Amino acid sequence: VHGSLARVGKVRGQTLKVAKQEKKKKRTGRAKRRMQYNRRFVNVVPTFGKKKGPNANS
Amino acid sequence: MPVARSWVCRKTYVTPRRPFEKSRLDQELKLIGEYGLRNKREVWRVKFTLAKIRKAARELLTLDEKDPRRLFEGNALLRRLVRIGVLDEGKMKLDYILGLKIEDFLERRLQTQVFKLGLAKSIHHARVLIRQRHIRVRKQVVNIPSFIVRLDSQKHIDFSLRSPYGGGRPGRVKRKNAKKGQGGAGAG
Amino acid sequence: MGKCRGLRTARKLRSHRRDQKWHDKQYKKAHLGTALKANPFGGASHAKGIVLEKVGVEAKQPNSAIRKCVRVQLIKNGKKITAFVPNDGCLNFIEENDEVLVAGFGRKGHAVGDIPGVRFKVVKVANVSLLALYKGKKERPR
Amino acid sequence: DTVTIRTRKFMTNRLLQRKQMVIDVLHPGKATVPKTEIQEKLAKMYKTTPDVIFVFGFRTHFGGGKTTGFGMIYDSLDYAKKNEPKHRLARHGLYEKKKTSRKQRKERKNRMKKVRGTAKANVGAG
RNA sequence: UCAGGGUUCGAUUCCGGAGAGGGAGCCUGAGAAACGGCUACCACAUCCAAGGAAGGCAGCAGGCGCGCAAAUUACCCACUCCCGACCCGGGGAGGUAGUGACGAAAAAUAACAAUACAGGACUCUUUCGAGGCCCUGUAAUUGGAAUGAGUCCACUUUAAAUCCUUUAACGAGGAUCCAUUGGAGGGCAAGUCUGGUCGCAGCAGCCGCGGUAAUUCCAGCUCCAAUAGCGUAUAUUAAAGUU
Ligand SMILES: [Mg+2]
Ligand SMILES: [Mg+2]
Ligand SMILES: [Mg+2]
Ligand SMILES: [Mg+2]
Ligand SMILES: [Mg+2]
Ligand SMILES: [Mg+2]
Ligand SMILES: [Mg+2]
Ligand SMILES: [Mg+2]
Ligand SMILES: [Mg+2]
Ligand SMILES: [Mg+2]
Ligand SMILES: [Mg+2]
Ligand SMILES: [Mg+2]
Ligand SMILES: [Mg+2]
Ligand SMILES: [Mg+2]
Ligand SMILES: [Mg+2]
Ligand SMILES: [Mg+2]
Ligand SMILES: [Mg+2]
Ligand SMILES: [Mg+2]
Ligand SMILES: [Mg+2]
Ligand SMILES: [Mg+2]
Ligand SMILES: [Mg+2]
Ligand SMILES: [Mg+2]
Ligand SMILES: [Mg+2]
Ligand SMILES: [Mg+2]
Ligand SMILES: [Mg+2]
Ligand SMILES: [Mg+2]
Ligand SMILES: [Mg+2]
Ligand SMILES: [Mg+2]
Ligand SMILES: [Mg+2]
Ligand SMILES: [Mg+2]
Ligand SMILES: [Mg+2]
Ligand SMILES: [Mg+2]
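If you're matching them up, the sequences are chains i, L, Z and a in order.
Letter by letter, the first sequence follows residues 76 to 133 of the authors' numbering.
Letter by letter, the second sequence follows residues 1 to 188 of the authors' numbering.
Letter by letter, the third sequence follows residues 1 to 142 of the authors' numbering.
Letter by letter, the fourth sequence follows residues 3 to 128 of the authors' numbering.
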């Protein structure tokens, strides 16, 4: 703590800036739904017991 | 205030009560993927029409047989359901109407029938064919992938008489890549 | 333990239901007229006012923070309310003697969360929203 | 390819001295046909002339080709100059709507209301 | 909105009533207590040569004020009808264009082959292994087609125009002819991934997160939901068998 601990915008005013790394255009409309169908009903590799959440970092 | 206008309109779908239900979610996505639909509103639409047909059928089914109104409206609903081919002519009674399914109406779409009848290489190819004016139902060019195809109309689907795929002048791509031989390698 | 079932008792049933509806809390609150009078809004969804001065409401015991509310005076009534400025460093966008548009907090009459005595939030600072200033999509006009 | 015309619900009208029918234009081809060409073909079909034949309202269907409108054949040019809504005569020169503007007619009338007797300032001097 | 019963709303385009700043009194007329008529009082307010004169947009546009809150001082009697001495005149009634994410219907934003890898059915091989039919990813150069958004000729449309429809001539390689709004502890679909802050800043409808190893704060990456829409405040209905 250094000076007026009740100051506003403290944490958002000392966060390191990061530029967005983006490039590839995301698909839209029917094309996204077609991709989501493939990615879970026909692109599959099954196992007993294991957990397979779509964003699992573990 | 007085004007010669009409204000009659309605909604054609209903959202589901439970918003995040894994089973409903994946069952509606299976149905979107296998019929190549754009939205889920396009599934809720068919669900709504099927629900209204079921409501009318069950409503007529509680009257006593020999009632003139039940006879008239049942013989009309059955005839109108066979006219699109979602019912066998050998069933034709209000008891079999409560046995239909959502994929009897999604089957009879035009996008489905264009692929299934063999004018396209996938349902995702069929949608862009219909939406690009390549398909003709008798003499009419139909732009709409939701055109519910009647029974007798099943024979007559083919390509538009002014379209590259059958008796048509080639499109703007086959006419600049050909001009490439004249204006892309002969004039520039 | 007893209710009149008989065939000519429609008056008794109707009158008893009409008499007892006045013990339901929300029914009485909506049909009496005291809440529409005591409501700092005139029965409206939003309201414009002038900022008197910013304040530091300290949150309730199981939490610790200083919630940074403002003190507004409403144009149409002249009443003095306390409003909340929700975001990280959004209190810098609100000077003194500038008119702000506030709305409700989300419970229709009550304090939300750990904040005591506050029932509204600020949504517009001067014809420009606190969510366009928070993302840089806009900026204050001076 | 070439244009074709065919006619539907034909009716001879002895009370307005004309013939009226629905006109279908078939044109597998390149644009909805000009009115001036349709009245030629009607003339050579019903064998009169292309100056008593009035056609209107043509609209063409989604996906091109068949196009539909309404046509009239007047038994003379005096009867044709008689009934004939004046805007339709002006489609080929037979009438000319000579005036300026509704607001001028309005504001003039309201100045003429404030004088009595010979209104020289507005029957002549505007 | 609703299983059955009910609950809430109806200033608002059709029928009926009432009013023309507030009251009051009348003329003409078949029909008025008429206000696009008249006469007074009250409240406002305009010009004056100060003697006098003149007023009623809750009609169509427009303006000030009030507010959280609502459009052009446009064109035309061509349609629908009304009035008249009348087949001919007139109509801010009404029709037409403009502003318009109140709200309702249709449905663009990528389709298809090759190669490379991956999976599955299969063939033989003791087995490895290999080939081969379908699909899906994925990257690369491709590879060729297909088309409407946009510019735009003529017709068509209409009172005259616009828009749509019909049509020429141009018009795509994905880096732009670039989809958003909310969230990722539970309720409730989706990450114990990486940096920063350290009971502060902040989040959080509710339970609850933050005190130096934060699944919830600030960001980056990834993922989930609906999608040309999505979030928020309030009124109200079902859930409420908590009337
Ligand atoms: Mg008591
Ligand atoms: Mg209480
Ligand atoms: Mg009911
Ligand atoms: Mg009413
Ligand atoms: Mg009122
Ligand atoms: Mg109104
Ligand atoms: Mg009556
Ligand atoms: Mg007034
Ligand atoms: Mg009279
Ligand atoms: Mg009066
Ligand atoms: Mg009147
Ligand atoms: Mg007067
Ligand atoms: Mg008036
Ligand atoms: Mg007005
Ligand atoms: Mg204002
Ligand atoms: Mg509005
Ligand atoms: Mg305003
Ligand atoms: Mg008229
Ligand atoms: Mg006239
Ligand atoms: Mg009007
Ligand atoms: Mg809509
Ligand atoms: Mg786009
Ligand atoms: Mg329009
Ligand atoms: Mg986002
Ligand atoms: Mg968030
Ligand atoms: Mg995060
Ligand atoms: Mg959650
Ligand atoms: Mg979950
Ligand atoms: Mg840390
Ligand atoms: Mg961390
Ligand atoms: Mg209720
Ligand atoms: Mg209650």
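The beta-carbon is built from N, C-alpha and C at its ideal position, and this holds for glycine as well.
Is it buried or exposed, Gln113 (chain L), if we count other Cβ atoms within 10 angstroms and call 16 or more buried?
Locating residue 113 (chain L) in the second sequence gives position 113, where the first residue counts as 1. The residue in question, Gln113 (chain L), is buried, as its Cβ has 16 or more Cβ neighbours within 10 Å.
Just the Cα atoms here: how many angstroms apart are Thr62 (chain L) and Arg80 (chain L)?
Mapped onto the second sequence, residue 62 (chain L) falls at position 62. Mapped onto the second sequence, residue 80 (chain L) falls at position 80. Cα-Cα distance, rounded: 20 Å.
Measuring only the C-alpha atoms, how far is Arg109 (chain i) from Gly36 (chain L)?
Within the first sequence, residue 109 (chain i) is the residue found at index 34, counting from 1. Within the second sequence, residue 36 (chain L) is the residue found at index 36, counting from 1. Approximately 7 Å, taken between the alpha carbons.
Determine the contact status of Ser45 (chain Z) and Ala103 (chain Z), defining contact as a CB-CB distance below 8 Å.
The residue given as residue 45 (chain Z) occupies position 45 in the third sequence. The residue given as residue 103 (chain Z) occupies position 103 in the third sequence. Contact: yes.
In whole angstroms, what separates the C-alpha of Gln26 (chain Z) from that of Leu32 (chain Z)?
As a first step, residue 26 (chain Z) must be located in the third sequence, where it is residue number 26. As a first step, residue 32 (chain Z) must be located in the third sequence, where it is residue number 32. Distance between the alpha carbons of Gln26 (chain Z) and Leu32 (chain Z) is about 10 Å.
Who does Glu58 (chain Z) pair with in a DSSP beta bridge?
Here the question's residue 58 (chain Z) lines up with position 58 in the third sequence. Answer is Z:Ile66.
Based on Cα-Cα distance, which residue from L:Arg169, L:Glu65, L:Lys93, L:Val149 lies nearest to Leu78 (chain L)?
Working through the second sequence from its first residue, we reach residue 78 (chain L) at position 78. The option with the nearest alpha carbon to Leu78 (chain L) is L:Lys93.
Starting from the beta carbon of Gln140 (chain L), find every residue of chain a whose beta carbon is closer than 9 Å, and list them in chain order.
Translated into positions along the second sequence, residue 140 (chain L) becomes position 140. The contacting residues are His63, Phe64, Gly65.
Of all Cβ atoms in chain Z, is any one closer than 8 Å to the Cβ of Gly84 (chain i)?
Your numbering for residue 84 (chain i) matches position 9 in the first sequence. Yes, contact with chain Z.
Output the distance between the C-alpha atoms of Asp98 (chain Z) and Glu34 (chain L), rounded to the nearest integer angstrom.
The residue given as residue 98 (chain Z) occupies position 98 in the third sequence. The residue given as residue 34 (chain L) occupies position 34 in the second sequence. Roughly 58 Å separates the two Cα atoms.
Looking at the secondary structure, which residues open and close the beta strand (DSSP E) in which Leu101 (chain Z) lies?
As a working note, residue 101 (chain Z) is residue 101 in the third sequence. Residues 99-104.
Apply the 10 Å Cβ neighbour rule to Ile75 (chain Z) and answer buried if 16 or more other Cβ atoms are within range, or exposed otherwise.
The residue labelled residue 75 (chain Z) in the question sits at position 75 within the third sequence. When all chains shown are included, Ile75 (chain Z) counts as exposed.
In the DSSP assignment, the alpha helix (DSSP H) including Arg105 (chain i) goes from what residue to what residue?
Here residue 105 (chain i) refers to the residue found at position 30 when the first sequence is read from its first residue. Where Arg105 (chain i) is concerned, the enclosing alpha helix (DSSP H) stretches over 105-112.
Following the continuous alpha helix (DSSP H) through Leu50 (chain L), name the residue where it begins and the one where it ends.
As a first step, residue 50 (chain L) must be located in the second sequence, where it is residue number 50. Counting along the chain, the alpha helix (DSSP H) containing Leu50 (chain L) begins and ends at 41-61.
DSSP three-state label for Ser160 (chain L), please.
Walking along the second sequence from the start, residue 160 (chain L) turns up at place 160. Looking at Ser160 (chain L) - three-state DSSP - the assignment turns out to be coil, as it is neither helix nor strand.
Pull out every residue of the segment 86-105 of chain L whose Cβ sits closer than 8 Å to any Cβ of chain i, in chain order.
The residues in question: there are none.
On a Cα-Cα basis, can you pick out the residue from L:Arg162, L:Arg108, L:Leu60, L:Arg58 that is closest to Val82 (chain L)?
Translated into positions along the second sequence, residue 82 (chain L) becomes position 82. The shortest C-alpha separation from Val82 (chain L) is found at L:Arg108.
If the cut is a Cβ gap below 8 Å, which residues of chain L does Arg105 (chain i) touch?
If you number the first sequence from 1, residue 105 (chain i) lands on position 30. Those within 8 Å of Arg105 (chain i) in chain L are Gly36, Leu37, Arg38, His124, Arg127.
If contact means a Cβ-Cβ distance below 9 Å, which residues of the segment 111-137 of chain Z contact chain i?
Against chain i - using a Cβ distance shorter than 9 Å - the segment 111-137 of chain Z contributes no residues.
Okay, do the segment 26-36 of chain a and the segment 56-73 of chain a touch, 3+ Cβ pairs below 8 Å being the bar?
Judged by Cβ distances under 8 Å, the segment 26-36 of chain a makes contact with the segment 56-73 of chain a, as three or more pairs qualify.
Identify the continuous beta strand (DSSP E) that holds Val86 (chain i) and give its terminal residues.
Residue numbering aside, residue 86 (chain i) sits at position 11 when the first sequence is read from its first letter. It is not in any beta strand (DSSP E) - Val86 (chain i) carries neither H nor E in the DSSP assignment.
I need the boundaries of the alpha helix (DSSP H) containing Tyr27 (chain Z), first residue and last residue.
Within the third sequence, residue 27 (chain Z) is the residue found at index 27, counting from 1. Taken as a continuous stretch (DSSP letters only), the alpha helix (DSSP H) holding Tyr27 (chain Z) covers 25-31.
What residue range is occupied by the uninterrupted alpha helix (DSSP H) comprising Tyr81 (chain a)?
Taking the fourth sequence and counting its residues from 1, one reaches residue 81 (chain a) at position 79. Counting along the chain, the alpha helix (DSSP H) containing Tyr81 (chain a) begins and ends at 79-84.
Could you check where the beta strand (DSSP E) with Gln19 (chain a) kicks off and where it finishes?
For the purposes of this step, residue 19 (chain a) is taken as the residue at position 17 of the fourth sequence. Unbroken run through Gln19 (chain a): none, as it is neither H nor E.
With 8 Å set as the bound, which would you pick, yes or no: does the beta-carbon of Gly186 (chain L) sit closer than that to a beta-carbon of chain i?
Mapped onto the second sequence, residue 186 (chain L) falls at position 186. No, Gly186 (chain L) does not count as interfacial toward chain i.
Closest Cβ-Cβ distance between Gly88 (chain i) and chain Z: below 8 Å?
Here the question's residue 88 (chain i) lines up with position 13 in the first sequence. Cβ-Cβ to chain Z under 8 Å: yes for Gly88 (chain i).
List, in chain order, every chain L residue whose beta-carbon is nearer than 8 Å to that of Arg109 (chain i).
For the purposes of this step, residue 109 (chain i) is taken as the residue at position 34 of the first sequence. Simply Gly33, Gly36, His124.
Taking the Cβ atom as the reference point for each residue, do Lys40 (chain L) and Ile32 (chain L) lie within a distance shorter than 8 Å?
Counting from one through the second sequence, the residue named residue 40 (chain L) turns up at place 40. Counting from one through the second sequence, the residue named residue 32 (chain L) turns up at place 32. Yes, the pair counts as a contact, with Cβ atoms nearer than the cut-off.
Taking all protein chains shown into account, do 16 or more other C-beta atoms lie within 10 angstroms of the C-beta of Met13 (chain a), making it buried, or fewer, making it exposed?
In the fourth sequence, counting from the first residue as 1, residue 13 (chain a) sits at position 11. Classification of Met13 (chain a): exposed, given that the 10 Å Cβ count is below 16.
With a Cβ-Cβ cutoff of 8 Å, do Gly88 (chain i) and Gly113 (chain Z) count as a contact?
The residue labelled residue 88 (chain i) in the question sits at position 13 within the first sequence. The residue labelled residue 113 (chain Z) in the question sits at position 113 within the third sequence. For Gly88 (chain i) and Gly113 (chain Z), no; Cβs fall outside 8 Å.
In or out: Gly49 (chain Z) buried (at least 16 other Cβ within 10 Å) or exposed?
For this step, residue 49 (chain Z) is matched to residue 49 along the third sequence. Flag for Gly49 (chain Z) reads buried.
Quick check on the DSSP output: the alpha helix (DSSP H) that includes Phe72 (chain L) runs from which residue to which?
In the second sequence, counting from the first residue as 1, residue 72 (chain L) sits at position 72. Element bounds for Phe72 (chain L): 68-82.
Apart from the five residues just before and just after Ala35 (chain Z), which ones in its own chain have a Cβ nearer than 7 Å to its Cβ?
What you label residue 35 (chain Z) is simply residue 35 of the third sequence in a count that begins at 1. Only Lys29 meet the Cβ criterion.
I need the straight-line Cα distance from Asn92 (chain Z) to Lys98 (chain i), nearest angstrom please.
If you number the third sequence from 1, residue 92 (chain Z) lands on position 92. If you number the first sequence from 1, residue 98 (chain i) lands on position 23. Taking the straight line joining both Cα atoms gives about 34 Å.
Measuring CB to CB, does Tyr76 (chain a) end up less than 8 Å from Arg20 (chain a)?
Your numbering for residue 76 (chain a) matches position 74 in the fourth sequence. Your numbering for residue 20 (chain a) matches position 18 in the fourth sequence. Result yes, Cβ atoms of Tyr76 (chain a) and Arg20 (chain a) sit closer than 8 Å.
Once the 5 residues before and after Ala57 (chain L) are set aside, which same chain residues still bring their CB inside 7 Å of it?
Position 57 of the second sequence, counting from 1, holds the residue named residue 57 (chain L). Cβ within range, chain order: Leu77, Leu94, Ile97, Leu98.
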